[PDB]
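Below is the file work_32.pdb, which contains PDB, C-alpha atoms and all ligand atoms.
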ATOM      1  CA  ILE O   1     125.666  87.813 112.428  1.00  0.00           C
ATOM      2  CA  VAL O   2     128.828  87.978 114.544  1.00  0.00           C
ATOM      3  CA  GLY O   3     131.151  84.977 114.359  1.00  0.00           C
ATOM      4  CA  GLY O   4     129.130  83.182 111.690  1.00  0.00           C
ATOM      5  CA  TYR O   5     130.004  81.956 108.195  1.00  0.00           C
ATOM      6  CA  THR O   6     128.947  82.987 104.698  1.00  0.00           C
ATOM      7  CA  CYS O   7     125.975  80.831 103.675  1.00  0.00           C
ATOM      8  CA  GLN O   8     126.179  78.873 100.438  1.00  0.00           C
ATOM      9  CA  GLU O   9     124.432  80.787  97.657  1.00  0.00           C
ATOM     10  CA  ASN O  10     120.659  80.457  98.109  1.00  0.00           C
ATOM     11  CA  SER O  11     121.019  77.725 100.772  1.00  0.00           C
ATOM     12  CA  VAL O  12     118.540  79.582 103.014  1.00  0.00           C
ATOM     13  CA  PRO O  13     115.725  80.090 100.410  1.00  0.00           C
ATOM     14  CA  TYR O  14     113.161  81.322 102.958  1.00  0.00           C
ATOM     15  CA  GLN O  15     115.298  84.284 104.061  1.00  0.00           C
ATOM     16  CA  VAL O  16     114.079  87.695 102.902  1.00  0.00           C
ATOM     17  CA  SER O  17     115.499  91.208 103.233  1.00  0.00           C
ATOM     18  CA  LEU O  18     113.203  94.018 104.344  1.00  0.00           C
ATOM     19  CA  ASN O  19     114.259  97.024 102.304  1.00  0.00           C
ATOM     20  CA  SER O  20     113.212 100.666 102.679  1.00  0.00           C
ATOM     21  CA  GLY O  21     115.887 102.128 100.437  1.00  0.00           C
ATOM     22  CA  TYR O  22     118.409 100.009 102.353  1.00  0.00           C
ATOM     23  CA  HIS O  23     118.353  96.678 104.182  1.00  0.00           C
ATOM     24  CA  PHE O  24     117.066  97.220 107.735  1.00  0.00           C
ATOM     25  CA  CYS O  25     115.660  93.851 108.846  1.00  0.00           C
ATOM     26  CA  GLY O  26     115.215  90.241 107.818  1.00  0.00           C
ATOM     27  CA  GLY O  27     112.259  87.897 107.615  1.00  0.00           C
ATOM     28  CA  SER O  28     111.008  84.431 106.666  1.00  0.00           C
ATOM     29  CA  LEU O  29     108.707  83.430 103.788  1.00  0.00           C
ATOM     30  CA  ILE O  30     106.007  81.185 105.272  1.00  0.00           C
ATOM     31  CA  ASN O  31     103.902  80.875 102.104  1.00  0.00           C
ATOM     32  CA  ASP O  32     103.755  82.333  98.574  1.00  0.00           C
ATOM     33  CA  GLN O  33     102.380  85.667  99.831  1.00  0.00           C
ATOM     34  CA  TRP O  34     103.217  85.969 103.537  1.00  0.00           C
ATOM     35  CA  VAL O  35     106.388  86.836 105.429  1.00  0.00           C
ATOM     36  CA  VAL O  36     106.907  86.739 109.188  1.00  0.00           C
ATOM     37  CA  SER O  37     109.247  89.260 110.831  1.00  0.00           C
ATOM     38  CA  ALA O  38     109.602  91.284 114.039  1.00  0.00           C
ATOM     39  CA  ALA O  39     107.138  93.977 115.103  1.00  0.00           C
ATOM     40  CA  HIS O  40     110.061  96.254 115.954  1.00  0.00           C
ATOM     41  CA  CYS O  41     110.941  96.200 112.245  1.00  0.00           C
ATOM     42  CA  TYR O  42     107.698  97.975 111.357  1.00  0.00           C
ATOM     43  CA  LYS O  43     107.726 100.689 108.682  1.00  0.00           C
ATOM     44  CA  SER O  44     104.789 102.122 106.699  1.00  0.00           C
ATOM     45  CA  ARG O  45     106.403 101.124 103.401  1.00  0.00           C
ATOM     46  CA  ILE O  46     108.573  98.053 102.887  1.00  0.00           C
ATOM     47  CA  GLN O  47     109.929  96.284  99.832  1.00  0.00           C
ATOM     48  CA  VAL O  48     110.517  92.591 100.490  1.00  0.00           C
ATOM     49  CA  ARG O  49     113.495  91.115  98.647  1.00  0.00           C
ATOM     50  CA  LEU O  50     113.692  87.373  98.021  1.00  0.00           C
ATOM     51  CA  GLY O  51     116.282  85.091  96.416  1.00  0.00           C
ATOM     52  CA  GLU O  52     119.096  87.224  97.757  1.00  0.00           C
ATOM     53  CA  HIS O  53     122.670  86.290  98.573  1.00  0.00           C
ATOM     54  CA  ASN O  54     124.620  89.496  97.868  1.00  0.00           C
ATOM     55  CA  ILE O  55     122.197  92.321  98.728  1.00  0.00           C
ATOM     56  CA  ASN O  56     124.265  94.882  96.835  1.00  0.00           C
ATOM     57  CA  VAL O  57     124.705  92.971  93.567  1.00  0.00           C
ATOM     58  CA  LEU O  58     122.077  91.707  91.093  1.00  0.00           C
ATOM     59  CA  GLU O  59     122.715  87.987  90.650  1.00  0.00           C
ATOM     60  CA  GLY O  60     119.615  86.917  88.737  1.00  0.00           C
ATOM     61  CA  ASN O  61     117.520  85.136  91.375  1.00  0.00           C
ATOM     62  CA  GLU O  62     115.917  88.137  93.076  1.00  0.00           C
ATOM     63  CA  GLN O  63     112.239  88.941  93.293  1.00  0.00           C
ATOM     64  CA  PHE O  64     111.382  92.343  94.773  1.00  0.00           C
ATOM     65  CA  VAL O  65     107.803  92.646  96.029  1.00  0.00           C
ATOM     66  CA  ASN O  66     106.202  95.483  97.978  1.00  0.00           C
ATOM     67  CA  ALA O  67     104.399  94.781 101.232  1.00  0.00           C
ATOM     68  CA  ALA O  68     100.620  95.209 100.942  1.00  0.00           C
ATOM     69  CA  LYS O  69      99.647  94.635 104.588  1.00  0.00           C
ATOM     70  CA  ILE O  70     102.057  95.090 107.495  1.00  0.00           C
ATOM     71  CA  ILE O  71     100.427  93.651 110.612  1.00  0.00           C
ATOM     72  CA  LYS O  72     102.263  93.933 113.956  1.00  0.00           C
ATOM     73  CA  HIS O  73     101.144  91.663 116.772  1.00  0.00           C
ATOM     74  CA  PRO O  74      98.354  93.569 118.582  1.00  0.00           C
ATOM     75  CA  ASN O  75     100.043  93.145 121.964  1.00  0.00           C
ATOM     76  CA  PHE O  76     103.551  94.144 120.943  1.00  0.00           C
ATOM     77  CA  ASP O  77     105.164  96.111 123.774  1.00  0.00           C
ATOM     78  CA  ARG O  78     107.970  98.308 122.432  1.00  0.00           C
ATOM     79  CA  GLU O  79     109.469  98.620 125.913  1.00  0.00           C
ATOM     80  CA  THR O  80     109.808  94.930 126.766  1.00  0.00           C
ATOM     81  CA  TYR O  81     109.792  93.610 123.194  1.00  0.00           C
ATOM     82  CA  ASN O  82     107.194  91.085 124.322  1.00  0.00           C
ATOM     83  CA  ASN O  83     105.141  89.713 121.404  1.00  0.00           C
ATOM     84  CA  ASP O  84     107.772  90.948 118.970  1.00  0.00           C
ATOM     85  CA  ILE O  85     106.251  89.354 115.885  1.00  0.00           C
ATOM     86  CA  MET O  86     104.838  90.862 112.696  1.00  0.00           C
ATOM     87  CA  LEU O  87     103.194  89.489 109.542  1.00  0.00           C
ATOM     88  CA  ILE O  88     103.594  90.963 106.055  1.00  0.00           C
ATOM     89  CA  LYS O  89     101.249  90.177 103.170  1.00  0.00           C
ATOM     90  CA  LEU O  90     102.974  90.752  99.834  1.00  0.00           C
ATOM     91  CA  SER O  91     101.184  92.751  97.132  1.00  0.00           C
ATOM     92  CA  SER O  92     101.393  89.661  94.943  1.00  0.00           C
ATOM     93  CA  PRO O  93     102.509  86.031  95.322  1.00  0.00           C
ATOM     94  CA  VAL O  94     106.119  85.138  94.553  1.00  0.00           C
ATOM     95  CA  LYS O  95     107.369  82.416  92.223  1.00  0.00           C
ATOM     96  CA  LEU O  96     108.457  79.570  94.468  1.00  0.00           C
ATOM     97  CA  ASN O  97     111.570  77.735  93.292  1.00  0.00           C
ATOM     98  CA  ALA O  98     114.941  76.492  94.552  1.00  0.00           C
ATOM     99  CA  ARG O  99     116.266  79.882  95.685  1.00  0.00           C
ATOM    100  CA  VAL O 100     112.847  81.112  96.843  1.00  0.00           C
ATOM    101  CA  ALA O 101     111.075  78.653  99.126  1.00  0.00           C
ATOM    102  CA  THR O 102     108.969  78.593 102.275  1.00  0.00           C
ATOM    103  CA  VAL O 103     109.856  77.544 105.835  1.00  0.00           C
ATOM    104  CA  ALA O 104     107.436  75.544 108.016  1.00  0.00           C
ATOM    105  CA  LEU O 105     105.753  76.785 111.177  1.00  0.00           C
ATOM    106  CA  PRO O 106     106.718  74.945 114.388  1.00  0.00           C
ATOM    107  CA  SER O 107     104.582  71.925 115.273  1.00  0.00           C
ATOM    108  CA  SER O 108     105.787  72.180 118.875  1.00  0.00           C
ATOM    109  CA  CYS O 109     108.283  74.178 120.902  1.00  0.00           C
ATOM    110  CA  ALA O 110     111.820  72.868 120.354  1.00  0.00           C
ATOM    111  CA  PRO O 111     113.611  71.624 123.491  1.00  0.00           C
ATOM    112  CA  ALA O 112     116.670  73.399 124.861  1.00  0.00           C
ATOM    113  CA  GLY O 113     119.773  71.867 123.309  1.00  0.00           C
ATOM    114  CA  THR O 114     118.270  71.808 119.819  1.00  0.00           C
ATOM    115  CA  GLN O 115     120.724  72.987 117.156  1.00  0.00           C
ATOM    116  CA  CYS O 116     119.339  75.775 114.978  1.00  0.00           C
ATOM    117  CA  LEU O 117     120.353  77.927 112.027  1.00  0.00           C
ATOM    118  CA  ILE O 118     120.308  81.723 112.244  1.00  0.00           C
ATOM    119  CA  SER O 119     120.928  83.887 109.173  1.00  0.00           C
ATOM    120  CA  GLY O 120     121.062  87.548 108.192  1.00  0.00           C
ATOM    121  CA  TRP O 121     122.771  90.569 106.653  1.00  0.00           C
ATOM    122  CA  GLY O 122     123.131  92.246 110.029  1.00  0.00           C
ATOM    123  CA  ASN O 123     126.183  93.742 111.701  1.00  0.00           C
ATOM    124  CA  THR O 124     129.105  91.289 111.820  1.00  0.00           C
ATOM    125  CA  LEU O 125     131.135  93.050 114.543  1.00  0.00           C
ATOM    126  CA  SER O 126     131.104  92.673 118.320  1.00  0.00           C
ATOM    127  CA  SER O 127     132.160  96.331 118.590  1.00  0.00           C
ATOM    128  CA  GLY O 128     131.450  98.895 115.906  1.00  0.00           C
ATOM    129  CA  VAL O 129     129.474  98.224 112.735  1.00  0.00           C
ATOM    130  CA  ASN O 130     130.134  96.295 109.534  1.00  0.00           C
ATOM    131  CA  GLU O 131     127.278  95.423 107.204  1.00  0.00           C
ATOM    132  CA  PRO O 132     128.071  92.365 105.049  1.00  0.00           C
ATOM    133  CA  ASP O 133     127.169  91.980 101.375  1.00  0.00           C
ATOM    134  CA  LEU O 134     126.653  88.234 101.536  1.00  0.00           C
ATOM    135  CA  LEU O 135     124.129  86.367 103.667  1.00  0.00           C
ATOM    136  CA  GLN O 136     125.681  85.169 106.954  1.00  0.00           C
ATOM    137  CA  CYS O 137     124.858  81.929 108.764  1.00  0.00           C
ATOM    138  CA  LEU O 138     125.269  80.769 112.345  1.00  0.00           C
ATOM    139  CA  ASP O 139     124.705  77.340 113.884  1.00  0.00           C
ATOM    140  CA  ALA O 140     123.537  77.857 117.461  1.00  0.00           C
ATOM    141  CA  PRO O 141     121.611  75.866 120.081  1.00  0.00           C
ATOM    142  CA  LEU O 142     118.485  76.837 121.997  1.00  0.00           C
ATOM    143  CA  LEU O 143     119.528  77.618 125.562  1.00  0.00           C
ATOM    144  CA  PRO O 144     117.670  76.532 128.719  1.00  0.00           C
ATOM    145  CA  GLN O 145     115.147  79.147 129.858  1.00  0.00           C
ATOM    146  CA  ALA O 146     116.941  79.171 133.222  1.00  0.00           C
ATOM    147  CA  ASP O 147     120.161  80.451 131.620  1.00  0.00           C
ATOM    148  CA  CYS O 148     118.144  82.919 129.563  1.00  0.00           C
ATOM    149  CA  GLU O 149     116.348  84.383 132.592  1.00  0.00           C
ATOM    150  CA  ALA O 150     119.618  84.334 134.526  1.00  0.00           C
ATOM    151  CA  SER O 151     121.258  86.475 131.833  1.00  0.00           C
ATOM    152  CA  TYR O 152     118.364  88.965 131.763  1.00  0.00           C
ATOM    153  CA  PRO O 153     116.742  89.151 135.253  1.00  0.00           C
ATOM    154  CA  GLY O 154     113.116  90.201 134.906  1.00  0.00           C
ATOM    155  CA  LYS O 155     113.240  90.785 131.143  1.00  0.00           C
ATOM    156  CA  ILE O 156     112.577  87.299 129.792  1.00  0.00           C
ATOM    157  CA  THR O 157     108.909  86.499 129.137  1.00  0.00           C
ATOM    158  CA  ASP O 158     107.358  83.166 128.100  1.00  0.00           C
ATOM    159  CA  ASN O 159     107.340  84.459 124.523  1.00  0.00           C
ATOM    160  CA  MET O 160     111.115  84.757 124.459  1.00  0.00           C
ATOM    161  CA  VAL O 161     113.858  82.169 124.105  1.00  0.00           C
ATOM    162  CA  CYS O 162     117.636  82.580 124.236  1.00  0.00           C
ATOM    163  CA  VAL O 163     119.698  81.092 121.423  1.00  0.00           C
ATOM    164  CA  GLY O 164     123.445  81.254 121.250  1.00  0.00           C
ATOM    165  CA  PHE O 165     126.509  80.918 123.415  1.00  0.00           C
ATOM    166  CA  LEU O 166     127.065  81.997 127.000  1.00  0.00           C
ATOM    167  CA  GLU O 167     130.748  82.416 126.161  1.00  0.00           C
ATOM    168  CA  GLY O 168     130.009  85.070 123.544  1.00  0.00           C
ATOM    169  CA  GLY O 169     131.875  85.431 120.259  1.00  0.00           C
ATOM    170  CA  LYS O 170     128.939  84.310 118.071  1.00  0.00           C
ATOM    171  CA  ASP O 171     125.548  86.061 118.065  1.00  0.00           C
ATOM    172  CA  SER O 172     122.927  87.973 116.081  1.00  0.00           C
ATOM    173  CA  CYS O 173     123.228  91.766 115.876  1.00  0.00           C
ATOM    174  CA  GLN O 174     121.511  94.853 114.405  1.00  0.00           C
ATOM    175  CA  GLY O 175     120.116  94.286 110.942  1.00  0.00           C
ATOM    176  CA  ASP O 176     119.449  90.622 111.697  1.00  0.00           C
ATOM    177  CA  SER O 177     116.226  91.570 113.463  1.00  0.00           C
ATOM    178  CA  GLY O 178     113.098  89.892 112.167  1.00  0.00           C
ATOM    179  CA  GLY O 179     115.291  87.158 110.734  1.00  0.00           C
ATOM    180  CA  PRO O 180     114.826  83.370 111.232  1.00  0.00           C
ATOM    181  CA  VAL O 181     116.204  80.739 113.600  1.00  0.00           C
ATOM    182  CA  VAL O 182     115.247  77.433 112.013  1.00  0.00           C
ATOM    183  CA  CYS O 183     115.616  74.125 113.835  1.00  0.00           C
ATOM    184  CA  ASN O 184     115.003  70.909 111.905  1.00  0.00           C
ATOM    185  CA  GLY O 185     113.150  72.624 109.067  1.00  0.00           C
ATOM    186  CA  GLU O 186     110.820  74.589 111.342  1.00  0.00           C
ATOM    187  CA  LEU O 187     110.923  78.286 112.240  1.00  0.00           C
ATOM    188  CA  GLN O 188     111.423  78.267 116.026  1.00  0.00           C
ATOM    189  CA  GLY O 189     112.469  81.858 116.605  1.00  0.00           C
ATOM    190  CA  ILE O 190     112.679  85.408 115.285  1.00  0.00           C
ATOM    191  CA  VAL O 191     115.694  87.660 115.917  1.00  0.00           C
ATOM    192  CA  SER O 192     114.447  90.114 118.527  1.00  0.00           C
ATOM    193  CA  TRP O 193     116.895  91.763 120.938  1.00  0.00           C
ATOM    194  CA  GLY O 194     120.052  91.743 123.016  1.00  0.00           C
ATOM    195  CA  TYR O 195     121.967  94.335 125.025  1.00  0.00           C
ATOM    196  CA  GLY O 196     125.035  94.106 122.816  1.00  0.00           C
ATOM    197  CA  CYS O 197     126.454  91.726 120.232  1.00  0.00           C
ATOM    198  CA  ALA O 198     128.361  88.519 120.921  1.00  0.00           C
ATOM    199  CA  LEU O 199     129.115  89.453 124.527  1.00  0.00           C
ATOM    200  CA  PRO O 200     129.834  86.771 127.151  1.00  0.00           C
ATOM    201  CA  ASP O 201     126.837  85.873 129.313  1.00  0.00           C
ATOM    202  CA  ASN O 202     124.632  87.966 127.027  1.00  0.00           C
ATOM    203  CA  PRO O 203     123.054  85.573 124.496  1.00  0.00           C
ATOM    204  CA  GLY O 204     120.606  86.991 121.978  1.00  0.00           C
ATOM    205  CA  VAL O 205     116.918  86.640 122.769  1.00  0.00           C
ATOM    206  CA  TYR O 206     114.383  85.615 120.149  1.00  0.00           C
ATOM    207  CA  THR O 207     110.600  85.567 119.842  1.00  0.00           C
ATOM    208  CA  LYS O 208     109.323  82.060 120.622  1.00  0.00           C
ATOM    209  CA  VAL O 209     107.401  81.340 117.397  1.00  0.00           C
ATOM    210  CA  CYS O 210     105.680  78.196 118.717  1.00  0.00           C
ATOM    211  CA  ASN O 211     103.514  80.463 120.904  1.00  0.00           C
ATOM    212  CA  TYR O 212     102.011  82.251 117.879  1.00  0.00           C
ATOM    213  CA  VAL O 213     101.199  79.491 115.386  1.00  0.00           C
ATOM    214  CA  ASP O 214      97.472  80.058 115.975  1.00  0.00           C
ATOM    215  CA  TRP O 215      97.635  83.859 115.708  1.00  0.00           C
ATOM    216  CA  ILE O 216      99.642  83.529 112.492  1.00  0.00           C
ATOM    217  CA  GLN O 217      97.180  81.147 110.831  1.00  0.00           C
ATOM    218  CA  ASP O 218      94.186  83.184 111.994  1.00  0.00           C
ATOM    219  CA  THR O 219      95.595  86.505 110.797  1.00  0.00           C
ATOM    220  CA  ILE O 220      96.545  84.974 107.447  1.00  0.00           C
ATOM    221  CA  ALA O 221      93.021  83.572 107.016  1.00  0.00           C
ATOM    222  CA  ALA O 222      91.344  86.826 108.038  1.00  0.00           C
ATOM    223  CA  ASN O 223      93.515  88.835 105.629  1.00  0.00           C
TER     224      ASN O 223
HETATM  225  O1  LIG O 301     120.386  97.335 124.359  1.00  0.00           O
HETATM  226  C1  LIG O 301     119.650  97.590 123.407  1.00  0.00           C
HETATM  227  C2  LIG O 301     118.168  97.709 123.738  1.00  0.00           C
HETATM  228  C3  LIG O 301     117.439  96.404 123.280  1.00  0.00           C
HETATM  229  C4  LIG O 301     115.926  96.505 123.557  1.00  0.00           C
HETATM  230  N1  LIG O 301     115.697  96.745 124.998  1.00  0.00           N
HETATM  231  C5  LIG O 301     114.935  95.839 125.792  1.00  0.00           C
HETATM  232  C6  LIG O 301     114.885  95.986 127.191  1.00  0.00           C
HETATM  233  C7  LIG O 301     114.119  95.083 127.942  1.00  0.00           C
HETATM  234  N2  LIG O 301     113.440  94.085 127.326  1.00  0.00           N
HETATM  235  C8  LIG O 301     113.468  93.928 125.984  1.00  0.00           C
HETATM  236  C9  LIG O 301     114.214  94.800 125.183  1.00  0.00           C
HETATM  237  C10 LIG O 301     116.383  97.925 125.589  1.00  0.00           C
HETATM  238  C11 LIG O 301     117.906  97.900 125.264  1.00  0.00           C
HETATM  239  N3  LIG O 301     120.135  97.709 122.191  1.00  0.00           N
HETATM  240  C12 LIG O 301     121.587  97.556 121.960  1.00  0.00           C
HETATM  241  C13 LIG O 301     121.788  96.499 120.841  1.00  0.00           C
HETATM  242  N4  LIG O 301     121.055  96.966 119.644  1.00  0.00           N
HETATM  243  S1  LIG O 301     121.458  96.158 118.271  1.00  0.00           S
HETATM  244  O2  LIG O 301     122.906  96.007 118.242  1.00  0.00           O
HETATM  245  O3  LIG O 301     120.879  96.907 117.187  1.00  0.00           O
HETATM  246  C14 LIG O 301     120.745  94.521 118.260  1.00  0.00           C
HETATM  247  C15 LIG O 301     119.521  94.287 117.605  1.00  0.00           C
HETATM  248  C16 LIG O 301     118.955  93.003 117.596  1.00  0.00           C
HETATM  249  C17 LIG O 301     119.607  91.941 118.246  1.00  0.00           C
HETATM  250  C18 LIG O 301     119.049  90.667 118.240  1.00  0.00           C
HETATM  251  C19 LIG O 301     119.694  89.610 118.891  1.00  0.00           C
HETATM  252 CL1  LIG O 301     118.960  88.027 118.875  1.00  0.00          CL
HETATM  253  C20 LIG O 301     120.917  89.822 119.554  1.00  0.00           C
HETATM  254  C21 LIG O 301     121.487  91.100 119.565  1.00  0.00           C
HETATM  255  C22 LIG O 301     120.835  92.168 118.918  1.00  0.00           C
HETATM  256  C23 LIG O 301     121.394  93.460 118.922  1.00  0.00           C
HETATM  257  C24 LIG O 301     119.594  97.007 119.870  1.00  0.00           C
HETATM  258  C25 LIG O 301     119.294  98.023 121.000  1.00  0.00           C
HETATM  259 CA    CA O 302     121.429  90.529  94.964  1.00  0.00          CA
END

Encoded form (C-alpha cells):
Amino acid sequence: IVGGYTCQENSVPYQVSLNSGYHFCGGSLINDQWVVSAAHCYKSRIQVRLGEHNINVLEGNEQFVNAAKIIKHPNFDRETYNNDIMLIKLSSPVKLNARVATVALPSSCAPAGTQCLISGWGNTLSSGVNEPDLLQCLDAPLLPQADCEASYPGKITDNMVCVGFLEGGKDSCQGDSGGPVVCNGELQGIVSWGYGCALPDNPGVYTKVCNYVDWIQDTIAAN
C-alpha cells in the first residue's frame, strides 16, 4: 500500500497473508474454512496466515493453515486479468475470534463515491520496492467507471472497478494482490492490477466482487 497508514493491531481481522515461504499475496476470510483471493496469485502450495499484523514477528494471534483446494475462476484470462478471482478451501477450519473474523459478501454493487478500506503487506513505494512488516491500510473511494475506462482505454471490463485517486500518491501495489477492498462491512473488490503504483491518472483496478457472489456460493457448496 503506497501512501497508506499502519492499521491498528488486528483491526482488519479478515485479512490473510498467502505465504509460500514468503508473503506473496493477500486474501479475505469469508467463512471459517474459505478464503477469497486473486487468480493471478495461484500457486500449487500455499500456507494461509491469519491473525497477522507484523508478518515477520510472532505476536501470539496467528493461525497458519495450509490450503487444501485452490480454485481459480474457470474463465480467468491471464492476459486481461478478467475474472481475476480465486477461492481457497483451508485444510481445516480456523478458530474465529476478535483478531480472526470473516468479511461479508456484497449484497449489491457499491456505487461510485463509496468510501472503502484497502489493506495489505504489499510494496509501499511509488518507485522501487519496500515490503512493510506491519499491515498497511488505505481509505479510498470507488471511482466512476467512466474515469476507470478513461484511464485504461480498452482494458476495463465489467468485472473490474477502479478504486483510488486520479491524482496518484496513494494506491495498492505488488504484494497487495488478492487483498480486500471493503466498503461498509462488505467485500466489494479484490486487488488485481495497475500499470504502476500510485501514479497520477493511473488508479488501481480491482475485481468487482459483486459480479461473483453466485459463483462463490456455488463453488463453496460444491466443494
Ligand atoms: O504493468 C503491469 C502489468 C499488469 C497486468 N497487465 C494487464 C494488461 C491489461 N489488462 C489487465 C492487466 C499487463 C501490465 N505490471 C506493473 C505493476 N506490477 S505490480 O507493481 O506488481 C502491481 C500489482 C498489483 C497491483 C494492484 C493494484 Cl489495485 C494497483 C497496482 C498494482 C501493481 C504488476 C505488473
Ligand atoms: Ca506475526

(request) Just say which residues the PyMOL selection byres (((not hetatm)) within 6 of (chain O and resi 301)) picks in this file, as a count of residues only. (result) 17

(message) Around ligand CA 302 (chain O), which protein and nucleic acid residues have at least one atom no more than 12 Å from it, if we count only C-alpha atoms and all ligand atoms? List them as JSON, numbers by chain.
(response) {"O": [9, 10, 16, 17, 23, 49, 50, 51, 52, 53, 54, 55, 56, 57, 58, 59, 60, 61, 62, 63, 64, 99, 121, 133, 134, 135]}

(request) Could you jot down the atom CA of residue O:163 to atom CA of residue O:218 separation for me, Å, one decimal place? (result)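 Separation between atom CA of residue O:163 and atom CA of residue O:218: 27.3 Å.
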
(message) Residues within 9 Å of residue O:126, please, as a PyMOL selection string. Count only C-alpha atoms; anything in the same chain fewer than 6 positions from it doesn't count.
(response) chain O and resi 2-3+169-171+173+196-199

(request) Would you please work out which residue, of O:115, O:44, O:159, O:97, is nearest to residue O:32 when using all atoms listed in the file? (result)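 Of O:115, O:44, O:159, O:97, the one nearest residue O:32 is O:97, counting all atoms listed in the file.
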
(message) Which residues are near residue O:209? Cut-off 8 Å, all atoms listed in the file, ignore same chain within fewer than 6 positions. Put them as number ranges by chain.
(response) O: 105-106, 159, 187-190
